[PDB]
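Structure first, commentary second.
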Amino acid sequence: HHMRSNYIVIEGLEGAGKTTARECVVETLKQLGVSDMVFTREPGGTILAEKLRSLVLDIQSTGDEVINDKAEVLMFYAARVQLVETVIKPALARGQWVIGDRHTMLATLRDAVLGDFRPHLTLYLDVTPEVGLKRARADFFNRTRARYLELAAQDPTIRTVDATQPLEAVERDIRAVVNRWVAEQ
Amino acid sequence: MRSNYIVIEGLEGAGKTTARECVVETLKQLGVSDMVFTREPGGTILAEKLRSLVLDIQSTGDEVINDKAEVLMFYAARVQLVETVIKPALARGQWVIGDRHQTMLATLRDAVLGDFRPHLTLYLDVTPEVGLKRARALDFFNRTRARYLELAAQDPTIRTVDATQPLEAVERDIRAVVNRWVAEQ
Ligand SMILES: [Cl-]
Ligand SMILES: [Cl-]
């Protein structure tokens, strides 16, 4: 039947094991008959974004100029738009699912450049402050964590998975969120 | 005397660079002594490396740059210029003279730059016929001229100099306009 393509994002704070969670999302999608899909890295993910990264590093190494924060942001959204229009949207159009890692002024920019385009499911990997501290060895972070948790409550396309628990527990939960979500479609 | 930011706008062949010299000389006579020239297309290392980045991608012919991403890369240069060159200059008491500073284009401005506006915009009006002749030495041009002239009539911080007349006449008027505006401050 070749189910409708969809766009699934994997968000989370450092040490959430996002790349390892991406694998679990893919395995579950395989079990559900999803066979054709694309893994994109949202930081990076296109040649354009890679060349912007090398440009910023080429400038910072020399010195004699400092990239203003706002300038970098617009370059970040330029990278995201390039990914949405040249990789993600076409991939969906061919029938390929797309699984991605790490997708007031920020909101205004999004509503302008991306318009209504949003991920179909966003999987937020929550990690507690203790967990973040273990990974750093190998807290402004509580405020960012809080924002993610507000968006998860307000947004029906955001599902949270407690990433602090053992691997097989996270796999159980990701597999459950995906099954429930797929069935609803 | 509070630093000020003056922009010189106009269609190609309006001779904005020569106007920029004449604005400076009037300010020197009025006792303005420390100031900065900027070229709005370009004007930072960032803008320079963004321009070379676009051309390097064009000469390959194997990647297409989405239009929206490119515009974000255009506004990234403008933001860099305003935040690392212009605003610091005004803060040092230097004046700034700049050269050459769809509804969605303006919405980005209101998001990133906010209420920041040039103190004076100096519009050099040439008919698209006259301007193109001088460039050698179109509907898009006729529409853009109308937009500049309407904003000129409606915007008190915009003053217009007819550039279609001989250069010696343009020099008299530019010199008079800046002189008149400075008195009004
Ligand atoms: Cl991680
Ligand atoms: Cl010109």
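Residues are referred to by chain and number: the chain letter is A, B, ... according to the order shown in the structure tokens, the number counts from 1 in that chain, and ligands are numbered separately from 1 in the order shown.
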
Counting only C-alpha atoms and all ligand atoms, which residues in chain B sit no more than 12 Å from ligand 2? For each one, give the nearest pair of atoms and the distance in Å, sorted by chain then residue number, as CSV.
residue,atom,partner,partner_atom_place_in_ligand_line,distance
B:8,CA,ligand 2,1 (Cl),9.6
B:9,CA,ligand 2,1 (Cl),8.6
B:10,CA,ligand 2,1 (Cl),6.9
B:11,CA,ligand 2,1 (Cl),6.6
B:12,CA,ligand 2,1 (Cl),4.5
B:13,CA,ligand 2,1 (Cl),4.2
B:14,CA,ligand 2,1 (Cl),4.5
B:15,CA,ligand 2,1 (Cl),3.6
B:16,CA,ligand 2,1 (Cl),4.4
B:17,CA,ligand 2,1 (Cl),6.3
B:18,CA,ligand 2,1 (Cl),8.2
B:19,CA,ligand 2,1 (Cl),8.9
B:20,CA,ligand 2,1 (Cl),10.3
B:39,CA,ligand 2,1 (Cl),11.6
B:99,CA,ligand 2,1 (Cl),9.0
B:100,CA,ligand 2,1 (Cl),8.9
B:123,CA,ligand 2,1 (Cl),11.3
B:124,CA,ligand 2,1 (Cl),9.0
B:125,CA,ligand 2,1 (Cl),10.7
B:126,CA,ligand 2,1 (Cl),10.1
B:130,CA,ligand 2,1 (Cl),11.7
B:131,CA,ligand 2,1 (Cl),8.3
B:132,CA,ligand 2,1 (Cl),10.0
B:133,CA,ligand 2,1 (Cl),11.7
B:134,CA,ligand 2,1 (Cl),8.8
B:135,CA,ligand 2,1 (Cl),7.7
B:136,CA,ligand 2,1 (Cl),11.4
B:137,CA,ligand 2,1 (Cl),11.6
B:163,CA,ligand 2,1 (Cl),10.3

Report the closest atom pair, with its distance in Å rounded to one decimal, for each residue of chain A that has an atom no farther than 8 Å from chain B; count only C-alpha atoms, sort by chain and then rising residue number, and write it as a tab-separated table.
residue	atom	partner	partner_atom	distance
A:48	CA	B:65	CA	7.8
A:51	CA	B:53	CA	7.8
A:55	CA	B:49	CA	7.1
A:59	CA	B:46	CA	7.8
A:65	CA	B:45	CA	7.3
A:66	CA	B:84	CA	7.8
A:67	CA	B:80	CA	6.9
A:68	CA	B:80	CA	5.8
A:70	CA	B:79	CA	6.8
A:71	CA	B:76	CA	4.4
A:72	CA	B:76	CA	7.0
A:73	CA	B:76	CA	8.0
A:74	CA	B:76	CA	5.5
A:75	CA	B:73	CA	5.9
A:77	CA	B:72	CA	7.2
A:78	CA	B:69	CA	4.1
A:79	CA	B:69	CA	6.8
A:81	CA	B:69	CA	5.7
A:82	CA	B:69	CA	5.9
A:85	CA	B:66	CA	7.1
A:86	CA	B:66	CA	7.5
A:105	CA	B:111	CA	5.7
A:108	CA	B:111	CA	6.9
A:109	CA	B:108	CA	6.9
A:112	CA	B:104	CA	7.1
A:113	CA	B:68	CA	6.7

Write a file of the selected residues as an mmCIF file, in the first residue's frame, keeping N, CA, C and O atoms.
data_model
loop_
_atom_site.group_PDB
_atom_site.id
_atom_site.type_symbol
_atom_site.label_atom_id
_atom_site.label_comp_id
_atom_site.auth_asym_id
_atom_site.auth_seq_id
_atom_site.Cartn_x
_atom_site.Cartn_y
_atom_site.Cartn_z
ATOM 1 N N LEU A 48 25.264 23.154 0.949
ATOM 2 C CA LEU A 48 25.211 24.560 1.336
ATOM 3 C C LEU A 48 25.554 24.731 2.810
ATOM 4 O O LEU A 48 26.384 25.567 3.176
ATOM 5 N N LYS A 51 29.205 24.180 3.533
ATOM 6 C CA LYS A 51 30.046 25.292 3.096
ATOM 7 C C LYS A 51 29.864 26.520 3.983
ATOM 8 O O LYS A 51 30.822 27.268 4.201
ATOM 9 N N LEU A 55 32.856 28.310 5.998
ATOM 10 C CA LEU A 55 33.029 29.755 5.881
ATOM 11 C C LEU A 55 33.135 30.411 7.250
ATOM 12 O O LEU A 55 34.010 31.256 7.474
ATOM 13 N N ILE A 59 36.484 32.268 8.846
ATOM 14 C CA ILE A 59 36.498 33.634 9.353
ATOM 15 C C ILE A 59 36.973 33.676 10.797
ATOM 16 O O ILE A 59 37.797 34.521 11.164
ATOM 17 N N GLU A 65 37.317 39.738 12.499
ATOM 18 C CA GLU A 65 35.881 39.944 12.421
ATOM 19 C C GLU A 65 35.192 38.901 13.292
ATOM 20 O O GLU A 65 35.649 37.760 13.393
ATOM 21 N N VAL A 66 34.088 39.306 13.908
ATOM 22 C CA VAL A 66 33.289 38.452 14.777
ATOM 23 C C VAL A 66 31.883 38.387 14.196
ATOM 24 O O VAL A 66 31.259 39.425 13.949
ATOM 25 N N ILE A 67 31.397 37.167 13.967
ATOM 26 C CA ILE A 67 30.087 36.983 13.355
ATOM 27 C C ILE A 67 29.013 37.358 14.366
ATOM 28 O O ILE A 67 28.857 36.697 15.402
ATOM 29 N N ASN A 68 28.253 38.408 14.063
ATOM 30 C CA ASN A 68 27.163 38.795 14.945
ATOM 31 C C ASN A 68 26.182 37.641 15.106
ATOM 32 O O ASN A 68 25.938 36.878 14.168
ATOM 33 N N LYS A 70 22.907 37.544 15.379
ATOM 34 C CA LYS A 70 21.751 37.585 14.489
ATOM 35 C C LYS A 70 22.123 37.150 13.075
ATOM 36 O O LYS A 70 21.342 36.465 12.403
ATOM 37 N N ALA A 71 23.313 37.534 12.607
ATOM 38 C CA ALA A 71 23.751 37.102 11.284
ATOM 39 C C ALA A 71 23.844 35.586 11.212
ATOM 40 O O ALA A 71 23.462 34.972 10.208
ATOM 41 N N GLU A 72 24.367 34.968 12.268
ATOM 42 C CA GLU A 72 24.481 33.519 12.289
ATOM 43 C C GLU A 72 23.108 32.867 12.254
ATOM 44 O O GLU A 72 22.917 31.855 11.576
ATOM 45 N N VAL A 73 22.137 33.441 12.968
ATOM 46 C CA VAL A 73 20.802 32.855 13.000
ATOM 47 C C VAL A 73 20.205 32.818 11.603
ATOM 48 O O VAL A 73 19.731 31.778 11.137
ATOM 49 N N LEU A 74 20.213 33.957 10.914
ATOM 50 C CA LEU A 74 19.679 33.967 9.559
ATOM 51 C C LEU A 74 20.396 32.950 8.685
ATOM 52 O O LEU A 74 19.773 32.339 7.813
ATOM 53 N N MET A 75 21.694 32.737 8.917
ATOM 54 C CA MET A 75 22.403 31.695 8.184
ATOM 55 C C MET A 75 21.934 30.308 8.605
ATOM 56 O O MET A 75 21.889 29.390 7.778
ATOM 57 N N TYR A 77 18.817 29.628 9.558
ATOM 58 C CA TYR A 77 17.532 29.440 8.891
ATOM 59 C C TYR A 77 17.692 29.313 7.383
ATOM 60 O O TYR A 77 16.856 28.683 6.727
ATOM 61 N N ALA A 78 18.742 29.907 6.811
ATOM 62 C CA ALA A 78 19.033 29.652 5.406
ATOM 63 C C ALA A 78 19.378 28.186 5.191
ATOM 64 O O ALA A 78 18.946 27.573 4.207
ATOM 65 N N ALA A 79 20.163 27.609 6.104
ATOM 66 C CA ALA A 79 20.483 26.191 6.010
ATOM 67 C C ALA A 79 19.229 25.342 6.135
ATOM 68 O O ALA A 79 19.036 24.389 5.372
ATOM 69 N N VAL A 81 16.083 26.118 5.529
ATOM 70 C CA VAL A 81 15.254 26.269 4.340
ATOM 71 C C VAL A 81 15.832 25.463 3.186
ATOM 72 O O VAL A 81 15.100 24.787 2.452
ATOM 73 N N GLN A 82 17.149 25.537 2.993
ATOM 74 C CA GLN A 82 17.773 24.758 1.928
ATOM 75 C C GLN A 82 17.475 23.275 2.108
ATOM 76 O O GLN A 82 17.231 22.559 1.131
ATOM 77 N N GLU A 85 13.609 22.523 1.333
ATOM 78 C CA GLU A 85 13.160 22.653 -0.046
ATOM 79 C C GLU A 85 13.889 21.718 -0.999
ATOM 80 O O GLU A 85 13.269 21.227 -1.953
ATOM 81 N N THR A 86 15.171 21.434 -0.756
ATOM 82 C CA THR A 86 15.935 20.615 -1.687
ATOM 83 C C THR A 86 16.113 19.165 -1.237
ATOM 84 O O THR A 86 16.513 18.331 -2.059
ATOM 85 N N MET A 105 11.489 36.304 17.810
ATOM 86 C CA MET A 105 12.084 36.561 16.507
ATOM 87 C C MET A 105 12.329 35.263 15.752
ATOM 88 O O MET A 105 12.230 35.235 14.520
ATOM 89 N N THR A 108 8.854 34.370 14.291
ATOM 90 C CA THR A 108 8.491 35.194 13.145
ATOM 91 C C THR A 108 9.239 34.749 11.896
ATOM 92 O O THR A 108 8.659 34.686 10.805
ATOM 93 N N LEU A 109 10.529 34.434 12.035
ATOM 94 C CA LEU A 109 11.298 33.962 10.891
ATOM 95 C C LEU A 109 10.716 32.669 10.339
ATOM 96 O O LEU A 109 10.549 32.517 9.124
ATOM 97 N N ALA A 112 7.640 32.944 8.327
ATOM 98 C CA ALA A 112 7.904 33.619 7.064
ATOM 99 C C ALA A 112 8.537 32.684 6.038
ATOM 100 O O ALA A 112 8.020 32.534 4.925
ATOM 101 N N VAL A 113 9.649 32.040 6.415
ATOM 102 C CA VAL A 113 10.452 31.299 5.450
ATOM 103 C C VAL A 113 9.873 29.908 5.210
ATOM 104 O O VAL A 113 9.792 29.447 4.063
#

Could you produce a table of the residues of chain A lying within 6 Å of ligand 1, with the nearest pair of atoms per residue and their separation in Å rounded to one decimal, using only C-alpha atoms and all ligand atoms, ordered by chain and increasing residue number, as JSON lines?
{"residue": "A:14", "atom": "CA", "partner": "ligand 1", "partner_atom_place_in_ligand_line": "1 (Cl)", "distance": 4.8}
{"residue": "A:15", "atom": "CA", "partner": "ligand 1", "partner_atom_place_in_ligand_line": "1 (Cl)", "distance": 3.9}
{"residue": "A:16", "atom": "CA", "partner": "ligand 1", "partner_atom_place_in_ligand_line": "1 (Cl)", "distance": 4.8}
{"residue": "A:17", "atom": "CA", "partner": "ligand 1", "partner_atom_place_in_ligand_line": "1 (Cl)", "distance": 4.0}
{"residue": "A:18", "atom": "CA", "partner": "ligand 1", "partner_atom_place_in_ligand_line": "1 (Cl)", "distance": 5.0}

Q.
Give me the residues near residue 178 (chain B) as a VMD selection string, where near means some atom within 10 Å (using only C-alpha atoms) and where sequence neighbours in that chain fewer than 2 positions away do not count.
A. chain B and resid 6 22 to 24 26 to 27 30 120 122 159 173 to 176 180 to 184

Please produce a file of the residues just selected, as an mmCIF file, in the first residue's frame, where the atoms kept are N, CA, C and O atoms.
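Saved the output as selection-v6.cif:
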data_model
loop_
_atom_site.group_PDB
_atom_site.id
_atom_site.type_symbol
_atom_site.label_atom_id
_atom_site.label_comp_id
_atom_site.auth_asym_id
_atom_site.auth_seq_id
_atom_site.Cartn_x
_atom_site.Cartn_y
_atom_site.Cartn_z
ATOM 1 N N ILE B 6 23.401 58.091 7.223
ATOM 2 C CA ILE B 6 22.810 58.580 5.985
ATOM 3 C C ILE B 6 23.017 57.505 4.933
ATOM 4 O O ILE B 6 24.117 56.955 4.816
ATOM 5 N N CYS B 22 29.956 63.864 -2.317
ATOM 6 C CA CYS B 22 29.423 65.207 -2.119
ATOM 7 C C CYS B 22 28.683 65.334 -0.794
ATOM 8 O O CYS B 22 28.645 66.425 -0.215
ATOM 9 N N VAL B 23 28.088 64.250 -0.298
ATOM 10 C CA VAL B 23 27.519 64.301 1.046
ATOM 11 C C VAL B 23 28.625 64.527 2.067
ATOM 12 O O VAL B 23 28.479 65.315 3.010
ATOM 13 N N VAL B 24 29.752 63.845 1.886
ATOM 14 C CA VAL B 24 30.845 63.957 2.840
ATOM 15 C C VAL B 24 31.353 65.391 2.896
ATOM 16 O O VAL B 24 31.544 65.957 3.977
ATOM 17 N N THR B 26 29.893 68.176 2.289
ATOM 18 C CA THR B 26 28.975 69.068 2.988
ATOM 19 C C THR B 26 29.077 68.886 4.496
ATOM 20 O O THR B 26 29.018 69.862 5.253
ATOM 21 N N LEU B 27 29.195 67.637 4.947
ATOM 22 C CA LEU B 27 29.345 67.384 6.373
ATOM 23 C C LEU B 27 30.655 67.960 6.892
ATOM 24 O O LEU B 27 30.698 68.512 7.997
ATOM 25 N N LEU B 30 30.124 71.538 7.545
ATOM 26 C CA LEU B 30 29.313 71.718 8.740
ATOM 27 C C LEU B 30 30.017 71.247 10.005
ATOM 28 O O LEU B 30 29.380 71.187 11.062
ATOM 29 N N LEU B 120 18.709 59.631 7.587
ATOM 30 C CA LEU B 120 18.368 60.271 6.332
ATOM 31 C C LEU B 120 18.608 59.262 5.226
ATOM 32 O O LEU B 120 19.656 58.611 5.198
ATOM 33 N N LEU B 122 18.814 59.393 1.101
ATOM 34 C CA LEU B 122 18.977 60.338 0.000
ATOM 35 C C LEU B 122 18.685 59.568 -1.281
ATOM 36 O O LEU B 122 19.522 58.799 -1.757
ATOM 37 N N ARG B 159 14.719 62.304 1.457
ATOM 38 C CA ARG B 159 14.781 63.476 0.600
ATOM 39 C C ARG B 159 15.264 63.032 -0.768
ATOM 40 O O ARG B 159 16.130 62.159 -0.875
ATOM 41 N N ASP B 173 22.540 70.342 -5.647
ATOM 42 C CA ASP B 173 21.336 69.953 -4.924
ATOM 43 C C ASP B 173 21.650 68.991 -3.789
ATOM 44 O O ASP B 173 21.166 69.174 -2.671
ATOM 45 N N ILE B 174 22.437 67.948 -4.061
ATOM 46 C CA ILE B 174 22.907 67.085 -2.979
ATOM 47 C C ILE B 174 23.463 67.937 -1.850
ATOM 48 O O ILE B 174 23.060 67.817 -0.689
ATOM 49 N N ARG B 175 24.397 68.825 -2.189
ATOM 50 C CA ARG B 175 25.021 69.677 -1.182
ATOM 51 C C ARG B 175 23.976 70.488 -0.432
ATOM 52 O O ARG B 175 24.073 70.659 0.789
ATOM 53 N N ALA B 176 22.958 70.982 -1.140
ATOM 54 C CA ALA B 176 21.921 71.768 -0.481
ATOM 55 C C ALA B 176 21.040 70.897 0.401
ATOM 56 O O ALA B 176 20.625 71.325 1.484
ATOM 57 N N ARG B 180 20.469 71.385 4.279
ATOM 58 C CA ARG B 180 19.159 71.735 4.817
ATOM 59 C C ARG B 180 18.739 70.764 5.911
ATOM 60 O O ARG B 180 18.220 71.181 6.954
ATOM 61 N N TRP B 181 18.947 69.469 5.688
ATOM 62 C CA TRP B 181 18.540 68.478 6.676
ATOM 63 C C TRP B 181 19.303 68.662 7.978
ATOM 64 O O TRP B 181 18.715 68.641 9.067
ATOM 65 N N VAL B 182 20.620 68.858 7.883
ATOM 66 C CA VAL B 182 21.442 68.987 9.082
ATOM 67 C C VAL B 182 20.960 70.155 9.932
ATOM 68 O O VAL B 182 20.966 70.090 11.166
ATOM 69 N N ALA B 183 20.550 71.247 9.284
ATOM 70 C CA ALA B 183 20.010 72.385 10.018
ATOM 71 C C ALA B 183 18.739 72.000 10.760
ATOM 72 O O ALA B 183 18.497 72.463 11.881
ATOM 73 N N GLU B 184 17.920 71.144 10.151
ATOM 74 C CA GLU B 184 16.678 70.704 10.767
ATOM 75 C C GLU B 184 16.897 69.798 11.969
ATOM 76 O O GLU B 184 15.921 69.466 12.651
#

(Q) I need the residues of region 6-109 of chain B that end up classed as alpha helix (DSSP H) by DSSP on the backbone, written out as number ranges by chain. (A) B: 16-29, 45-60, 67-81, 87-91, 103-109

Keeping C-alpha atoms, export the residues of the selection given above as a PDB file, in the first residue's frame.
ATOM      1  CA  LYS B  16      25.426  57.013  -5.924  1.00  0.00           C
ATOM      2  CA  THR B  17      29.185  56.788  -5.350  1.00  0.00           C
ATOM      3  CA  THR B  18      29.773  60.308  -6.664  1.00  0.00           C
ATOM      4  CA  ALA B  19      26.866  61.514  -4.518  1.00  0.00           C
ATOM      5  CA  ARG B  20      28.479  59.890  -1.475  1.00  0.00           C
ATOM      6  CA  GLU B  21      31.568  62.061  -1.966  1.00  0.00           C
ATOM      7  CA  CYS B  22      29.423  65.207  -2.119  1.00  0.00           C
ATOM      8  CA  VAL B  23      27.519  64.301   1.046  1.00  0.00           C
ATOM      9  CA  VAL B  24      30.845  63.957   2.840  1.00  0.00           C
ATOM     10  CA  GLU B  25      32.131  67.354   1.727  1.00  0.00           C
ATOM     11  CA  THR B  26      28.975  69.068   2.988  1.00  0.00           C
ATOM     12  CA  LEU B  27      29.345  67.384   6.373  1.00  0.00           C
ATOM     13  CA  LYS B  28      33.000  68.435   6.540  1.00  0.00           C
ATOM     14  CA  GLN B  29      31.948  72.056   6.010  1.00  0.00           C
ATOM     15  CA  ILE B  45      34.211  40.057   5.310  1.00  0.00           C
ATOM     16  CA  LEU B  46      31.076  37.984   5.889  1.00  0.00           C
ATOM     17  CA  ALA B  47      29.270  39.572   2.949  1.00  0.00           C
ATOM     18  CA  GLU B  48      32.370  39.122   0.787  1.00  0.00           C
ATOM     19  CA  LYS B  49      32.645  35.407   1.563  1.00  0.00           C
ATOM     20  CA  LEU B  50      28.903  34.956   1.073  1.00  0.00           C
ATOM     21  CA  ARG B  51      29.160  36.468  -2.415  1.00  0.00           C
ATOM     22  CA  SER B  52      32.111  34.256  -3.328  1.00  0.00           C
ATOM     23  CA  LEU B  53      30.222  31.296  -1.840  1.00  0.00           C
ATOM     24  CA  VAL B  54      27.228  31.824  -4.133  1.00  0.00           C
ATOM     25  CA  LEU B  55      29.416  32.126  -7.234  1.00  0.00           C
ATOM     26  CA  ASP B  56      31.464  29.023  -6.389  1.00  0.00           C
ATOM     27  CA  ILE B  57      28.217  27.068  -6.134  1.00  0.00           C
ATOM     28  CA  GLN B  58      27.027  28.535  -9.438  1.00  0.00           C
ATOM     29  CA  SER B  59      30.179  27.667 -11.400  1.00  0.00           C
ATOM     30  CA  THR B  60      29.883  23.996 -10.380  1.00  0.00           C
ATOM     31  CA  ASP B  67      15.689  31.572  -3.429  1.00  0.00           C
ATOM     32  CA  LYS B  68      14.491  31.984   0.168  1.00  0.00           C
ATOM     33  CA  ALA B  69      17.759  30.660   1.605  1.00  0.00           C
ATOM     34  CA  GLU B  70      19.703  33.120  -0.549  1.00  0.00           C
ATOM     35  CA  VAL B  71      17.640  36.060   0.723  1.00  0.00           C
ATOM     36  CA  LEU B  72      18.335  34.959   4.292  1.00  0.00           C
ATOM     37  CA  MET B  73      22.005  34.967   3.284  1.00  0.00           C
ATOM     38  CA  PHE B  74      21.459  38.485   1.944  1.00  0.00           C
ATOM     39  CA  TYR B  75      19.870  39.678   5.187  1.00  0.00           C
ATOM     40  CA  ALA B  76      22.631  37.911   7.116  1.00  0.00           C
ATOM     41  CA  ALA B  77      25.154  40.227   5.471  1.00  0.00           C
ATOM     42  CA  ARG B  78      23.005  43.303   6.110  1.00  0.00           C
ATOM     43  CA  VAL B  79      22.613  42.374   9.783  1.00  0.00           C
ATOM     44  CA  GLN B  80      26.358  41.782  10.082  1.00  0.00           C
ATOM     45  CA  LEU B  81      27.016  45.204   8.555  1.00  0.00           C
ATOM     46  CA  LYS B  87      26.062  50.667  15.033  1.00  0.00           C
ATOM     47  CA  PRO B  88      29.587  50.605  16.563  1.00  0.00           C
ATOM     48  CA  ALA B  89      30.575  53.568  14.390  1.00  0.00           C
ATOM     49  CA  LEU B  90      27.601  55.677  15.472  1.00  0.00           C
ATOM     50  CA  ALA B  91      28.348  54.633  19.050  1.00  0.00           C
ATOM     51  CA  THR B 103       6.052  42.415   1.370  1.00  0.00           C
ATOM     52  CA  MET B 104       7.794  39.449   3.026  1.00  0.00           C
ATOM     53  CA  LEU B 105      11.170  41.116   2.437  1.00  0.00           C
ATOM     54  CA  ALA B 106      10.179  43.858   4.886  1.00  0.00           C
ATOM     55  CA  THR B 107       8.876  41.412   7.498  1.00  0.00           C
ATOM     56  CA  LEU B 108      12.408  40.055   7.926  1.00  0.00           C
ATOM     57  CA  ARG B 109      13.664  43.608   8.469  1.00  0.00           C
TER      58      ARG B 109
END

Q: Give me, please, the distance in Å between CA of residue 170 (chain A) and CA of residue 13 (chain A), quoted to one decimal.
A: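 Pair CA of residue 170 (chain A) / CA of residue 13 (chain A) returns 15.3 Å.
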
Q. With only C-alpha atoms as the basis for distance, which of A:158, A:29, A:49, A:176 is at the shortest distance from residue 11 (chain A)?
A. A:158

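The protein and nucleic acid residues lying at most 10 Å from residue 20 (chain A) are residues 16, 24, 25, 167 and 171 of chain A, with only C-alpha atoms considered and sequence neighbours fewer than 4 positions away removed.
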
Those same residues - C-alpha atoms - I'd like them written as a CSV table (one decimal), in the first residue's frame.
chain,number,residue,atom,x,y,z
A,16,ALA,CA,19.8,12.3,25.2
A,24,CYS,CA,15.1,2.8,17.2
A,25,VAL,CA,12.6,5.0,15.3
A,167,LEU,CA,18.2,1.4,26.6
A,171,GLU,CA,13.2,1.4,22.8

Q) CA of residue 40 (chain A) to CA of residue 60 (chain A): how many Å, to one decimal? A) 26.6 Å

Q: May I have the residues within 8 Å of residue 129 (chain A) as a VMD selection string, using only C-alpha atoms and disregarding those fewer than 6 positions away in the same chain?
A: chain A and resid 139 141 to 142
